[PDB]
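Student: please work out how this folds:
(2 chains, ligands or ions: 6)
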Amino acid sequence: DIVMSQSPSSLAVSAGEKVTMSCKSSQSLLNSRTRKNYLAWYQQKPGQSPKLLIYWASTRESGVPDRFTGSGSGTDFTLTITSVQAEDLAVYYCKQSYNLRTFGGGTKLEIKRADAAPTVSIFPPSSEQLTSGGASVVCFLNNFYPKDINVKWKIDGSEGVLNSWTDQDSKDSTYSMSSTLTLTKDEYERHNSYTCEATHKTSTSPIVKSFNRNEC
Amino acid sequence: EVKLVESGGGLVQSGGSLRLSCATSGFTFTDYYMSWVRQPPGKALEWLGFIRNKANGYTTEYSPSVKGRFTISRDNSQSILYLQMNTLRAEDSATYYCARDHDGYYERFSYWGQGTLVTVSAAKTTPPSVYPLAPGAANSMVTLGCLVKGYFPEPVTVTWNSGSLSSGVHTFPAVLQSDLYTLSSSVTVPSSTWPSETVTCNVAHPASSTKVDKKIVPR
Ligand SMILES: C=CCO[C@]1(C(=O)O)C[C@@H](O)[C@@H](O)[C@@H]([C@H](O)CO[C@]2(C(=O)O)C=CC[C@@H]([C@H](O)CO)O2)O1
Ligand SMILES: [Mg+2]
Ligand SMILES: [Mg+2]
Ligand SMILES: [Mg+2]
Ligand SMILES: [Zn+2]
Ligand SMILES: [Zn+2]
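Tutor: Numbering: from 1, shown residues only, chains lettered A, B, ... in the order given. Ligands and ions are numbered 1, 2, ... in the order given. Dropping the coordinates below:
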């Protein structure tokens, strides 16, 4: 069958630096009739469809930046990105069309940038939720780098949580995370102080955001 | 302008069937092979099959992963591509894309649709509750949000001010917890602009045909 394999699985590169990624096929993709390699590269940015970048191994599609170059032949192929930009964050797939079609497993390109502290916001439950008998408390930790972050919830001073990270931002290369604590209304109404505390490598001091039910 | 648009995705039970469509314009449809490609959430693209062009008699080919279970057809009068899926299983849950394929000359998929999400599950459709996130008691900038809680299946769409607020928006990927998804979206604006101007999140959950506008009101 034709097995397509890519390397690395993932990597991170700083803007302005060079990116190199590899694609191997189990059979030569060099078509003897046309003497071209039937190997294409696609870029898939977060939440978007794949977009054609390169085909016949080295032909750059119109509208694709000069910084993307495809190379190689037979069983081994390379996509090179020079002077990588923040917007280049994506999964990159190679695909053979020598015999039907088969995609590689992809390479995830992340962007390395300077450490950045999160901006933290806390939100009390809405009255339209409380009327239903539930109480969700939400904390947004926005625009930070790197991705690893710790969130603790404290209720009346002591430590049902959904955490979600965004994909990296295409413009500033930061991450954001939402943490949701869900309680029953009966439990919510027993306590006064609700606190989310974010600890990130950017400070030894946790960022603490809080509200008190009596001040609502 | 080339357009490809998939439709027909949604929730179906294991063992069930579903047919997807892909409407096209902006090119000579019969000149082109057309492929279907799927992608399970967070996983790689998988080529499924193609149907050839007029020159090659509109014959079909399939990955062994789906041969005998999926069928590709095309309406050449209307420039529409179809995928008939039978005996669906958990592993078929994925975004399905149509892609314009070979023309006899170029080896490339030049264009792809936006994709349509198929969920194979016994779970019921459940519309979201949508709750505003307004600051408590608590700056140059202000951050607001909406919490889109307890829905099934994916997806939902979230916009702010009918898409006029796009900068400074973050939508947090849905997380599944005890059989329902919850997602949230944040928007950051200058505090001189809210609450003096209206900020509203617009939420749609196609499986339940839910449409919600939730104005973010100061407490
Ligand atoms: C039009 C015929 C073949 O094209 C496909 C196909 O299976 O339909 C699709 C193409 O993307 C590519 O995979 C080619 C494959 O390269 C075989 O194509 C050639 C060849 O390159 O040798 C080209 C012309 C004739 C054909 C066969 O000998 C007879 O149809 O081989 O296949
Ligand atoms: Mg941001
Ligand atoms: Mg307690
Ligand atoms: Mg057969
Ligand atoms: Zn207490
Ligand atoms: Zn055949």
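Student: please count neighbours and contacts with C-alpha atoms only from this point.
Tutor: Fine.
Student: what sits against the residue of chain B positioned farthest from its centre?
Tutor: The outermost residue of chain B relative to its centre, with distances by C-alpha atoms, centre = their mean, is residue B:137 at 38.9 Å. By C-alpha atoms under 8 Å, 6 or more residues apart in numbering or on different chains, the residues touching residue B:137 are A:211, A:215-216.
Student: just read off the phi/psi values of residue A:87.
Tutor: Backbone geometry at residue A:87, expressed as degrees, to the nearest 10, gives phi -70, psi -10.
Student: not counting its neighbours along the chain, what's nearest it?
Tutor: residue A:170 (4.6 Å; C-alpha to C-alpha, 6 or more residues apart in numbering or on different chains).
Student: distance of the one you found from residue B:53?
Tutor: 38 Å (C-alpha to C-alpha, to the nearest Å).
Student: have a look at those two and say which one is more surrounded.
Tutor: Neighbours were counted for residue A:170 and for residue B:53 using other C-alpha atoms under 10 Å in any protein chain shown; residue B:53 has more, 22 against 18.
Student: out of the contacts of residue B:137, which end up buried?
Tutor: residue A:211 (16 or more other C-alpha atoms under 10 Å in any protein chain shown).
Student: domains of chain B?
Tutor: Chain B is divided into the following domains under curated CATH domains: B:1-122, B:123-218.
Student: would you list these in TSV and tack on distance to residue A:157?
Tutor: Below are the domains of chain B laid out as TSV (distance: least, C-alpha to C-alpha, whole Å):
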stretch	distance to residue A:157
domain B:1-122	38
domain B:123-218	19
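Student: adding distance to ligand 1, write these out as JSON lines.
Tutor: Formatted as JSON lines, those follow (distance: least, C-alpha to the nearest ligand atom, whole Å):
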{"stretch": "domain B:1-122", "distance to ligand 1": "6"}
{"stretch": "domain B:123-218", "distance to ligand 1": "33"}
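Student: now stretch A:164-183: buried residues?
Tutor: Neighbour-count burial for stretch A:164-183 [16+ other C-alpha under 10 Å]: A:164-170, A:173-183.
Student: ok, residues contacting it?
Tutor: Contacts of stretch A:164-183 (C-alpha under 8 Å, 6+ apart): A:46, A:86-89, A:110-113, A:116, A:118, A:134-147, A:151, A:153, A:160-163, B:170-175, B:184.
Student: distance between the ends of it?
Tutor: Using C-alpha to C-alpha, the end-to-end distance of stretch A:164-183 comes to 18 Å.
Student: pull the distance from that stretch to the chain's centre.
Tutor: Taking the mean of its C-alpha atoms, stretch A:164-183 sits 9 Å from the chain's own mean (C-alpha atoms, centre = their mean, to the nearest Å).
Student: on that earlier part again, in helices, which of the contacts of stretch A:164-183 appear?
Tutor: Counting by DSSP state H, none of the members of the contacts of stretch A:164-183 fall within helices.
Student: filter those residues down to the buried ones.
Tutor: A:86-89, A:110-113, A:116, A:118, A:134-147, A:151, A:153, A:162-163, B:170-175, B:184.
Student: mind checking which of those land in strands?
Tutor: If you go by DSSP state E, the buried ones among the contacts of stretch A:164-183 have A:110-112, A:134-144, A:151, A:153, A:162-163, B:170-175, B:184 in strands.
Student: who does the residue nearest the centre of chain B form a beta bridge with?
Tutor: Nearest to the mean C-alpha position of chain B, by C-alpha atoms, centre = their mean, lies residue B:116 at 4.5 Å. Beta-bridge partners for residue B:116, by DSSP bridges, are residue B:96.
Student: ok, now how distant is it from residue B:8?
Tutor: 7 Å.
Student: follow-up on the earlier one: the residue nearest to the centre of chain B and residue B:7 touch, don't they?
Tutor: Yes - Residue B:116 is in contact with residue B:7 according to C-alpha atoms under 8 Å; the separation is 6.0 Å.
Student: which residues are common contacts for those two?
Tutor: With C-alpha under 8 Å, 6+ apart, residue B:116 and residue B:7 have no common neighbours.
Student: domain-wise, how is chain A divided?
Tutor: A:1-113, A:114-213.
Student: ok, now which ones touch residue A:147?
Tutor: Residue A:147 makes contacts with A:174-175, as judged by C-alpha under 8 Å, 6+ apart.
Student: mind checking the domains of chain B for the one nearest to residue A:58?
Tutor: Across those, residue A:58 has its closest neighbour in domain B:1-122 (11.9 Å, C-alpha to C-alpha).
Student: run the chain-centre distance for the closest one.
Tutor: 14 Å.
Student: again, but for stretch A:151-162
Tutor: Centroid separation between stretch A:151-162 and its chain, computed with C-alpha atoms, centre = their mean, is 26 Å.
Student: repeat for stretch A:69-79
Tutor: 26 Å.
Student: before we move on, what about stretch A:105-116?
Tutor: Worked out by C-alpha atoms, centre = their mean, stretch A:105-116 lies 8 Å from the chain centre.
Student: does it come close to chain B?
Tutor: Yes - applying C-alpha under 8 Å from any C-alpha of the partner chain, one finds stretch A:105-116 touching chain B at A:105-106.
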